[PDB]
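First come two forms of one protein chain, each written alone as structure tokens, so that there is a structure 1 and a structure 2.
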Structure 1
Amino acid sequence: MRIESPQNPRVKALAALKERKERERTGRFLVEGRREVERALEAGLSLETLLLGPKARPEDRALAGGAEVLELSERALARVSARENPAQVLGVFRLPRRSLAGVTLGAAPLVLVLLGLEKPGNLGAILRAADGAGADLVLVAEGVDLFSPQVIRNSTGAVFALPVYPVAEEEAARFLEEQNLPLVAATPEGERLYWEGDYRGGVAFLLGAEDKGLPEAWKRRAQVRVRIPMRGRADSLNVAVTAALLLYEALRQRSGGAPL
């Protein structure tokens, strides 16, 4: 089926998926970009509709594997895309079902706990860093939706394969207690420099919201509160930069380095 008019009803339906409410109502979501579509397919997500733009290449069509295939003009593509410059390959996938029930951790896991994050770019960047550092688990507690377009783009598709689970704040606390994982709260006023923590054992790093930071209750639960030094005018670092810094310090230590 070929579609030209940006006013085609399917195009309005497709463009609607950029909204979290439509994703919840339909159970489906949009994945934009060849790499991102590849990663969703490779992660086992169920493709319902492949969207091909005018400058798509022959191999793109072979990705559909039985899903409906729609050709879109540059005009209709522009409406469906979340990007100033539209990608040429997109996929409508069924939202995945994932629960922490099936998750088992090894002896010394590296875990990230994200509490209240609001900016989808920050979440995507954290997921990219978690991929780089080999994080064993990412718990997203009450933040922006994991399948927001910018999470997919900023994660370069890593959101689909990463062990990342949206959880309620209370379930995060429960799961952390159940797993007996030591909690390390990252907070700018933390009493200990982050380099001075030992992360060779199992560890869960707690990161707070971009505006208000970690709730006092969560800082209290942690065994230790760590800080990343601020030597200039900024009072705080970006949440994703902080997560990366913590993950790589732990990786440094797990790669042979000694705590400070």
Structure 2
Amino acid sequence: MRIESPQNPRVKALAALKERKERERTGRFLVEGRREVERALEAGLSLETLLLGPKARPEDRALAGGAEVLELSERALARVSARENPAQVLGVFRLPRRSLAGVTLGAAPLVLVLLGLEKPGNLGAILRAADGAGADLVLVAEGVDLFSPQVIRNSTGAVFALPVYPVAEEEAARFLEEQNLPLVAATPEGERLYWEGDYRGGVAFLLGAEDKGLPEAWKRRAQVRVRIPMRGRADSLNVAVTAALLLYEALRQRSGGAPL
């Protein structure tokens, strides 16, 4: 069926999913863009409703897998979309309720722990790098919204691709100690170069937000503190960039490379 009026009750409800409070109440979230819908489906997330605009391809309709397919008019589409140039494919997926307690880590895991909230767009970039390097788990700050239009768009759907859990600092500390994982803190003044850590047997990298840096409690908790060399005028890199360097160094060692 099709819905024409932007004022239709179903459309208003779809547009309301732009707000975190409405997503948490209804248990649904909107995924905008063909690429992002593909990743949410490939990740096995439960599609409830597929929204198709006027210029969608025929292959787009076959993505529904039996879910409701609602064709929306451009006027209706404009209201639902979080974009200047709305996408022709959108999906309403069920919001997953997941607990860090349900997590069991495979062999020699690569874990990234982000402490504190970081500038917008940093998380999306980090998830892309984490997805690329094959990270097994990413812990983020307790207040992080993993289902916002922003994180979905900035991660290009990589947010769906891996286990990401927003947790309080104390929950993170407890989980890591339970897992008996060596903690490696990335700090500007770390005693060792980050190439020199041994990441072949599994590791949790500790990474702080630019505003405050790593709390001293976490620096002390680390088995090793490591640094990224800065040989120029700049004294630090963006936290997302630091994350990518660490992850790909750990992947380099898992691919046959030796610690420096």
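The first residue in the sequence of structure 1 is number 1, and each one after it adds one. Rigid core (definition): largest C-alpha set, two forms, superposition within 1.5 Å.
Enquirer: Does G202 sit in the same rigid part as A135, given that the chain moves as two such parts between structure 1 and structure 2?
Expert: In the two-part motion between structure 1 and structure 2, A135 and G202 are assigned to the same rigid part.
Enquirer: I need the hinge angle between structure 1 and structure 2, given as the rotation of the smaller rigid body against the larger one from C-alpha superpositions, in whole degrees.
Expert: Smaller part versus larger part, rotated 18 degrees.
Enquirer: Would you look up how far the C-alpha of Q7 moves between structure 1 and structure 2 when the rigid core is overlaid, in angstrom?
Expert: Comparing between structure 1 and structure 2 after core fitting, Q7 shifts 9.1 Å at its C-alpha.
Enquirer: If I align on the rigid core, how far apart are the two C-alpha positions of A158 between structure 1 and structure 2? Answer in Å.
Expert: The shift comes out to 1.1 Å.
Enquirer: Determine, in Å, the CA shift of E59 between structure 1 and structure 2 after the rigid core is used for superposition.
Expert: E59 is displaced by 5.1 Å at its C-alpha.
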